[PDB]
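Undergrad: Pasting a structure below so you can have a look.
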Amino acid sequence: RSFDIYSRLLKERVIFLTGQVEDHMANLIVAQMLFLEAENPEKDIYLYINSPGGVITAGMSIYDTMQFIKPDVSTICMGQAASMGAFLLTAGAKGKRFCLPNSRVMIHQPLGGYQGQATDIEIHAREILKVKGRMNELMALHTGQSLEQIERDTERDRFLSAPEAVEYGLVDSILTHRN
Amino acid sequence: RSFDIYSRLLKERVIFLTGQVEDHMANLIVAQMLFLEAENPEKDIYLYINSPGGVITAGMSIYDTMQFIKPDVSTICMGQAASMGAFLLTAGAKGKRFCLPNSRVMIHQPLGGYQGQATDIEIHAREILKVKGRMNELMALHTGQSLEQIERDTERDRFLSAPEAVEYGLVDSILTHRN
Amino acid sequence: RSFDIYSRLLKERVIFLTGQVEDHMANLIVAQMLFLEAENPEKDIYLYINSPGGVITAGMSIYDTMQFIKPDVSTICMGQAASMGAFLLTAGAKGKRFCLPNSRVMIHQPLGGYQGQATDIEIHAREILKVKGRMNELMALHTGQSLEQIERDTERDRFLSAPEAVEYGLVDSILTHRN
Amino acid sequence: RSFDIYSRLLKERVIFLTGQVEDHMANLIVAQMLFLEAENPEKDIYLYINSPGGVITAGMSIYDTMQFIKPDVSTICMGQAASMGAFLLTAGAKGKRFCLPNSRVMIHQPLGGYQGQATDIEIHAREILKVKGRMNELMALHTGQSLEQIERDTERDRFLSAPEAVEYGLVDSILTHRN
Amino acid sequence: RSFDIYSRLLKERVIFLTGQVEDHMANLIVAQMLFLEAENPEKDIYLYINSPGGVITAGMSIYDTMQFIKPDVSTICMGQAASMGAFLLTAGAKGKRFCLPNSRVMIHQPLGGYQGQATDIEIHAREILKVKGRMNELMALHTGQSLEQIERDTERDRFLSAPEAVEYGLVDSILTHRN
Numbered sequence: 015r016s017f018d019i020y021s022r023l024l025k026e027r028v029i030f031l032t033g034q035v036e037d038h039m040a041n042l043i044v045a046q047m048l049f050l051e052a053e054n055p056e057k058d059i060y061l062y063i064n065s066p067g068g069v070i071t072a073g074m075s076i077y078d079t080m081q082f083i084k085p086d087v088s089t090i091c092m093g094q095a096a097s098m099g100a101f102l103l104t105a106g107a108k109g110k111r112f113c114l115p116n117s118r119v120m121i122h123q124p125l126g127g128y129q130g131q132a133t134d135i136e137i138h139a140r141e142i143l144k145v146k147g148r149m150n151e152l153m154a155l156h157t158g159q160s161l162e163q164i165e166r167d168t169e170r171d172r173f174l175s176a177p178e179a180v181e182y183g184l185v186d187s188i189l190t191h192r193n
Numbered sequence: 015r016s017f018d019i020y021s022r023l024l025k026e027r028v029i030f031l032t033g034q035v036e037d038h039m040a041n042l043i044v045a046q047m048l049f050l051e052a053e054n055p056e057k058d059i060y061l062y063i064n065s066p067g068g069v070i071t072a073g074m075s076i077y078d079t080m081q082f083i084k085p086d087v088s089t090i091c092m093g094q095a096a097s098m099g100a101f102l103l104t105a106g107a108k109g110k111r112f113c114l115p116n117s118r119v120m121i122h123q124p125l126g127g128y129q130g131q132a133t134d135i136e137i138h139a140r141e142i143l144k145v146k147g148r149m150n151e152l153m154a155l156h157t158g159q160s161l162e163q164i165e166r167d168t169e170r171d172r173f174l175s176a177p178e179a180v181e182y183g184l185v186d187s188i189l190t191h192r193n
Numbered sequence: 015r016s017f018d019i020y021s022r023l024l025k026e027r028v029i030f031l032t033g034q035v036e037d038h039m040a041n042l043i044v045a046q047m048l049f050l051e052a053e054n055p056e057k058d059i060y061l062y063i064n065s066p067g068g069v070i071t072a073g074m075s076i077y078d079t080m081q082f083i084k085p086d087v088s089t090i091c092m093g094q095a096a097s098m099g100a101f102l103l104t105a106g107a108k109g110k111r112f113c114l115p116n117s118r119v120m121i122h123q124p125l126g127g128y129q130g131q132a133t134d135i136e137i138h139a140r141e142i143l144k145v146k147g148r149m150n151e152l153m154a155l156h157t158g159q160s161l162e163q164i165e166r167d168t169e170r171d172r173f174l175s176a177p178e179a180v181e182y183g184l185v186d187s188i189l190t191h192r193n
Numbered sequence: 015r016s017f018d019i020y021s022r023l024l025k026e027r028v029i030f031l032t033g034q035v036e037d038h039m040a041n042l043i044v045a046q047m048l049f050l051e052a053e054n055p056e057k058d059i060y061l062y063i064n065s066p067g068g069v070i071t072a073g074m075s076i077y078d079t080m081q082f083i084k085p086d087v088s089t090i091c092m093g094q095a096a097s098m099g100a101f102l103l104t105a106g107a108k109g110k111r112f113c114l115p116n117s118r119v120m121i122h123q124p125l126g127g128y129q130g131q132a133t134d135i136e137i138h139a140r141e142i143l144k145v146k147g148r149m150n151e152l153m154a155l156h157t158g159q160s161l162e163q164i165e166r167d168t169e170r171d172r173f174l175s176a177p178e179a180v181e182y183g184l185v186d187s188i189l190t191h192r193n
Numbered sequence: 015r016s017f018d019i020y021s022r023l024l025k026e027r028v029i030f031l032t033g034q035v036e037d038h039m040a041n042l043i044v045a046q047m048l049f050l051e052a053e054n055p056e057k058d059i060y061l062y063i064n065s066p067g068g069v070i071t072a073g074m075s076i077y078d079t080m081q082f083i084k085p086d087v088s089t090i091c092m093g094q095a096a097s098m099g100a101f102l103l104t105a106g107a108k109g110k111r112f113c114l115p116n117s118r119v120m121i122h123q124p125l126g127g128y129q130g131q132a133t134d135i136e137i138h139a140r141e142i143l144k145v146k147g148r149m150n151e152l153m154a155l156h157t158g159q160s161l162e163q164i165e166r167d168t169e170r171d172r173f174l175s176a177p178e179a180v181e182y183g184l185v186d187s188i189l190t191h192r193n
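Below is the structure:
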């Protein structure tokens with residue numbers, strides 16, 4: 015009886031990624047993902063996305079589980095998919111990634127901040143550059159775009175309307191009307 | 015019986031949109047729409063609106079779900095419908111957008127801001143202005159008012175009574191007594 | 015059923031170690047493991063990790079549990095698993111420790127701090143060294159390096175990507191894709 | 015018999031695929047497979063492969079036919095399997111793909127070339143890419159690697175030894191001695 | 015025996031049209047058909063096609079022959095069927111035109127060239143124009159589309175995947191497995 019709306023939508027194999035991406039909320043998407051694999055490792059899974067990004071590693075826990083699990087993971091971004099939100103979005107299974115008409119996307123680069131000794135600082139700094147780069151490769155690969163474009167387009171906050179994210183390979187098309 | 019009051023009204027295809035428009039409440043509304051559509055994609059969906067407005071990207075996520083789903087979304091304004099609230103009110107299926115007798119409407123332009131490097135400041139400013147356009151075009155369409163007209167009317171706050179709102183074209187008519 | 019997704023997943027014998035490691039969530043993990051050993055001391059027990067590190071005594075309460083129960087413990091890594099979370103990872107039963115593709119490890123030495131009289135400062139100072147003392151050996155032993163290598167490698171913060179993770183013998187291998 | 019050693023070995027349901035891959039020698043493979051199918055639809059077919067690759071269409075006419083026919087087509091790699099030779103190698107029935115101890119494998123992306131007007135250059139440029147894309151998907155399937163693991167690794171000539179090719183999902187096992 | 019494999023297959027009414035289309039390999043195809051019509055003028059005849067195209071007149075001796083003989087020539091494309099190749103594929107008996115999964119099709123208008131006195135060039139180009147006219151007509155026919163539609167689609171090389179091919183009307187369906 016729509017006792018719990020989301021639990022109910024989990025029976026249509028739909029999952030919601032909303033807001034701040036961080037460990038726990040991420041973990042709750044993983045746990046859903048896995049649960050759906052088992053309930054049926056053959057049917058498609060739905061990941062709706064309206065988020066501004068967040069802690070990356072947490073963000074990556076979702077990503078790897080989207081690949082790891084048997085079923086294809088379709089993604090539909092509504093409202094906004096930014097930074098890490100844009101990533102998991104374009105990480106949907108090819109041909110199954112969407113954008114509602116006025117949703118909007120944003121890309122940019124790994125953000126961070128360490129504090130301590132010079133020695134330690136080079137350590138964590140070298141690390142963020144590696145991640146900055148991997149994230150760029152994994153993005154080059156899901157978008158079909160060169161490492162040059164990503165690198166340039168992601169050095170600074172960059173926005174895309176629904177048409178443009180399609181035109182960029184980020185999502186495959188625009189769902190305008192449930193026909 | 016009436017355990018959970020809202021659940022039961024969701025069974026009468028009634029969803030409430032109350033207060034500030036932000037990611038998590040806007041998301042619980044979209045899910046209500048998806049659930050209602052899944053249960054019966056033909057009967058209209060009734061959306062009551064009493065909100066002061068809020069986060070645009072969160073609003074649009076509601077906007078696109080409304081226009082997406084096959085079922086028509088009848089929007090009803092009680093109390094007030096400001097900014098993103100008015101926006102969503104004027105987006106109910108043409109013909110089924112209402113205002114209870116004393117609800118109130120106000121409209122304006124997007125509010126926001128950035129902080130950072132001039133370069134980054136310019137990217138974010140053309141982006142909110144890119145949205146201002148798209149938002150103004152969309153207003154024009156739903157109300158029938160000309161783009162160029164909605165602009166003049168949105169540089170500043172503009173209040174609308176139920177009557178003037180019927181005339182501005184934001185709503186179709188006034189609901190006074192259940193007949 | 016699917017009231018608590020973590021509850022349901024606990025059925026497939028899957029336990030999650032998530033976020034900061036401390037006395038109460040650690041214990042919650044200790045109980046889930048104990049609970050499984052009762053429901054089948056023969057079937058494997060899965061333990062997902064995405065921890066940024068935590069407290070030591072509490073970390074051990076777990077460790078010592080993974081070693082005390084009869085069921086084996088396959089640790090899988092998603093997102094990250096620093097400090098105590100890298101330990102517990104490489105503490106999984108041999109050949110059943112894994113790192114998803116973009117997950118990341120990071121190992122270092124026991125952080126702490128004390129306050130008060132000199133006599134006691136030495137007392138707790140001696141004690142911390144003994145803990146690092148004992149921590150390093152166990153790392154060597156679980157990984158395979160020499161109490162000296164491990165030693166080196168953990169004086170400062172140190173990262174290892176998924177691959178570099180196996181090579182150092184922290185994890186048996188990169189848990190690729192549900193095949 | 016021995017009058018014609020290959021004809022004699024076809025009787026034992028064995029087909030050799032040797033050297034450059036082009037329409038004609040490929041047609042002959044397709045014709046030996048079609049022919050074996052017609053003689054006995056249930057018995058395996060052994061496709062020995064020692065090729066440096068060649069023309070992709072010519073090969074695809076061999077991959078589709080391989081999959082299409084009812085019999086299981088086991089693939090044995092001797093000497094070398096590169097490019098289209100490695101694709102076809104990995105395309106044999108699951109479990110029934112092998113390598114001899116010193117077979118060496120090499121995978122890489124598609125090669126092509128067009129000459130003409132920019133407009134036409136466009137079509138051809140984008141078709142070669144559509145092809146690289148379908149090709150990378152199929153290598154994902156038959157290997158278990160993720161679409162992104164293959165685009166990554168085939169981005170450039172990658173050499174795999176017998177055990178690495180087993181360890182990678184290209185072939186199922188290494189045949190050393192007949193027993 | 016299996017001395018000649020294309021012969022054994024001929025007995026199964028299978029004819030291969032491989033690579034370049036020209037008078038002599040065309041004439042061989044044509045005679046193979048007349049032979050199968052005399053054998054048994056009722057049974058279908060299968061024609062596999064893996065060809066980049068070729069000389070038009072040589073192609074029409076094949077086309078006119080397929081239509082002329084009582085037997086229904088089913089057509090099945092492996093690898094690729096470009097230009098006159100694609101023309102012939104779609105010229106197969108109705109409902110009896112196929113494409114294996116990853117075979118590809120390419121369509122386009124007639125190519126040619128003359129050398130001489132203006133008058134002769136006039137008489138010759140006029141002619142290549144009559145042929146384009148008839149080539150397009152016959153394609154509209156066999157595929158279902160309309161004259162206007164083809165000429166549009168065919169002015170420049172155009173690629174079609176097995177699916178797109180069926181969607182377009184060149185082939186009736188995609189053969190995937192022997193059921």
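Residue numbers (the deposited numbering), protein chains in the order written: chain U, 15 to 193; chain T, 15 to 193; chain O, 15 to 193; chain J, 15 to 193; chain K, 15 to 193. Ideal placement from N, C-alpha and C gives every residue a C-beta, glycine not left out.
For a cutoff of 7 Å on Cβ pairs, would you count residue 94/U as touching chain T?
TA: If you number the first sequence from 1, residue 94/U lands on position 80. At least one chain T Cβ lies under 7 Å of residue 94/U.
Undergrad: In this structure, does DSSP put residue 69/J in helix, strand or coil?
TA: Position 55 of the fourth sequence, counting from 1, holds the residue named residue 69/J. It is coil, neither helix nor strand.
Undergrad: Between residue 33/K and chain J, is the shortest Cβ-Cβ distance under 7 Å, so that the two count as touching?
TA: Taking the first residue of the fifth sequence as position 1, residue 33/K is located at position 19. For residue 33/K, the answer is yes, since a Cβ of chain J falls inside 7 Å of its Cβ.
Undergrad: Give the range of the beta strand (DSSP E) segment to which residue 174/K is assigned.
TA: On the fifth sequence, residue 174/K is found 160 positions in, with the first residue counted as 1. For residue 174/K, the uninterrupted beta strand (DSSP E) segment begins and ends at 172-175.
Undergrad: Which of the three DSSP states is assigned to residue 121/T in this structure?
TA: Taking the first residue of the second sequence as position 1, residue 121/T is located at position 107. Residue 121/T: strand per DSSP, three-state reduction.
Undergrad: Does DSSP classify residue 16/J as helix, strand or coil?
TA: Locating residue 16/J in the fourth sequence gives position 2, where the first residue counts as 1. Coil, per DSSP.
Undergrad: With 16 other CB atoms within 10 Å as the buried threshold, where does residue 137/K fall?
TA: On the fifth sequence, position 123 is the one that residue 137/K refers to. When all chains shown are included, residue 137/K counts as exposed.
Undergrad: Starting from residue 197/U, follow the alpha helix (DSSP H) in both directions and report where the run begins and ends.
TA: Since the first and last residues shown for chain U are 15 and 193, residue 197/U lies out of range.
Undergrad: Considering residue 148/T, what are the terminal residues of the alpha helix (DSSP H) in which it resides?
TA: The sequence position of residue 148/T within the second sequence is 134, counting from 1. Taken as a continuous stretch (DSSP letters only), the alpha helix (DSSP H) holding residue 148/T covers 132-157.
Undergrad: Can you confirm whether the segment 168-185 of chain J touches the segment 100-119 of chain J when touching is taken to mean that 3 or more C-beta pairs between the two stretches lie within less than 8 Å?
TA: yes
Undergrad: If you reduce the DSSP assignment to three classes, tell me which class residue 83/U lands in.
TA: Walking along the first sequence from the start, residue 83/U turns up at place 69. Looking at residue 83/U - three-state DSSP - the assignment turns out to be coil, as it is neither helix nor strand.
Undergrad: Report the three-state DSSP secondary structure of residue 163/K (helix, strand or coil).
TA: One-based indexing of the fifth sequence puts residue 163/K at position 149. Helix.
Undergrad: Closer than 8 Å between beta carbons: that is the criterion. Which residues of the segment 109-124 of chain O meet it against chain U?
TA: 114, 115, 116, 117 and 118
Undergrad: Could you pull out every residue in the same chain whose Cβ sits closer than 7 Å to the Cβ of residue 57/U, ignoring the five residues on either side in sequence?
TA: Position 43 of the first sequence, counted from the start, is the residue given in the question as residue 57/U. Cβ within range, chain order: 27 and 85.
Undergrad: Opposite residue 64/T in the DSSP bridges: which residues?
TA: One-based indexing of the second sequence puts residue 64/T at position 50. DSSP output for residue 64/T lists 32/T as bridge partner(s).
Undergrad: Beta carbon of residue 61/O, beta carbon of residue 87/O: below 7 Å?
TA: The sequence position of residue 61/O within the third sequence is 47, counting from 1. The sequence position of residue 87/O within the third sequence is 73, counting from 1. For residue 61/O and residue 87/O, yes; Cβs fall inside 7 Å.
Undergrad: Roughly how many whole angstroms lie between the Cα atoms of residue 180/O and residue 169/O?
TA: Locating residue 180/O in the third sequence gives position 166, counting from the first residue. Locating residue 169/O in the third sequence gives position 155, counting from the first residue. Pairing residue 180/O with residue 169/O, the inter-Cα distance amounts to about 20 Å.
Undergrad: Any beta-carbon of chain J closer than 7 Å to the one on residue 50/U?
TA: Residue numbering aside, residue 50/U sits at position 36 when the first sequence is read from its first letter. Judged by the 7 Å Cβ criterion, residue 50/U is not in contact with chain J.
Undergrad: Does the Cβ of residue 131/U have 16 or more other Cβ atoms within 10 Å, making it buried, or fewer, making it exposed?
TA: Residue mapping note: residue 131/U aligns to position 117 of the first sequence, counting from 1. Burial call: exposed.
Undergrad: Kindly indicate which three-state DSSP category residue 129/O falls into: helix, strand or coil?
TA: In the third sequence, counting from the first residue as 1, residue 129/O sits at position 115. Here residue 129/O sits in coil by DSSP.
Undergrad: Any beta carbon of chain U sitting closer than 7 Å to that of residue 169/J?
TA: Within the fourth sequence, residue 169/J is the residue found at index 155, counting from 1. Answer no: the Cβ-Cβ gap between residue 169/J and chain U never drops below 7 Å.
Undergrad: Consult DSSP for residue 168/O and reduce its assignment to one of helix, strand or coil.
TA: If you number the third sequence from 1, residue 168/O lands on position 154. If DSSP states are grouped into helix, strand and coil, residue 168/O belongs with the helices.
Undergrad: On the premise that residue 101/T lies in contact with residue 73/T, defined as a C-beta separation below 8 Å, what is that separation, rounded to the nearest angstrom?
TA: Start at 1 with the first residue of the second sequence, and residue 73/T comes out as number 59. Start at 1 with the first residue of the second sequence, and residue 101/T comes out as number 87. Sure, about 6 Å apart at Cβ, within 8 Å.
Undergrad: Do residue 65/U and residue 99/U count as a contact pair if the criterion is CB distance below 7 Å?
TA: Indexing the first sequence from 1 puts residue 99/U at position 85. Indexing the first sequence from 1 puts residue 65/U at position 51. Yes, these two residues count as a Cβ contact at 7 Å.
Undergrad: Please confirm whether residue 78/U has its beta-carbon closer than 7 Å to some beta-carbon of chain O.
TA: Residue numbering aside, residue 78/U sits at position 64 when the first sequence is read from its first letter. Yes, residue 78/U lies at the interface with chain O (some Cβ there is under 7 Å from its Cβ).
Undergrad: So, is the C-beta of residue 83/J closer than 7 Å to a C-beta in chain K?
TA: Numbered from its first residue, the fourth sequence carries residue 83/J at position 69. It does; some Cβ of chain K falls within 7 Å.
Undergrad: Can you grab the Cα-Cα spacing for the pair residue 146/K / residue 140/K, in whole Å?
TA: Along the fifth sequence, read from residue 1 onward, the residue named residue 146/K stands at position 132. Along the fifth sequence, read from residue 1 onward, the residue named residue 140/K stands at position 126. Answer to the nearest angstrom: the Cα atoms are 10 Å apart.
Undergrad: Take residue 163/T and list the residues in its own chain whose beta-carbon comes closer than 8 Å to its own, dropping the five residues that flank it on each side.
TA: Start at 1 with the first residue of the second sequence, and residue 163/T comes out as number 149. Only 154 meet the Cβ criterion.
Undergrad: So what does DSSP say about residue 107/U, is it helix, strand or coil?
TA: As a working mapping, residue 107/U is identified with position 93 in the first sequence. Of the three classes helix, strand and coil, the one that applies to residue 107/U here is coil, per DSSP.
Undergrad: Quick check: the Cα distance between residue 34/J and residue 82/T, rounded to an integer number of angstroms?
TA: In the fourth sequence, the residue the question calls residue 34/J occupies position 20. In the second sequence, the residue the question calls residue 82/T occupies position 68. Between residue 34/J and residue 82/T, the C-alpha separation is close to 53 Å.
Undergrad: Can you find the residues in the same chain that come closer than 7 Å, C-beta to C-beta, to residue 115/J, ignoring five residues on each side of it along the sequence?
TA: By 1-based counting over the fourth sequence, the position of residue 115/J is 101. Answer for residue 115/J: 176, 188 and 190, listed in chain order.
Undergrad: Given that a residue counts as buried once 16 or more other Cβ atoms are within 10 Å of its Cβ, and exposed if not, what is residue 193/J?
TA: Looking up residue 193/J in the fourth sequence gives position 179. Burial call: exposed.
Undergrad: Please classify residue 160/K: is it buried, with 16 or more other beta-carbons within 10 angstroms of its beta-carbon, or exposed?
TA: Locating residue 160/K in the fifth sequence gives position 146, where the first residue counts as 1. Looking at its Cβ environment, which holds fewer than 16 other Cβ atoms inside 10 Å, residue 160/K is exposed.
Undergrad: What residues in its chain sit with their C-beta under 7 Å from that of residue 18/K, if we drop five residues either side in the sequence?
TA: Position 4 of the fifth sequence holds residue 18/K. Nothing listed; no residue qualifies.
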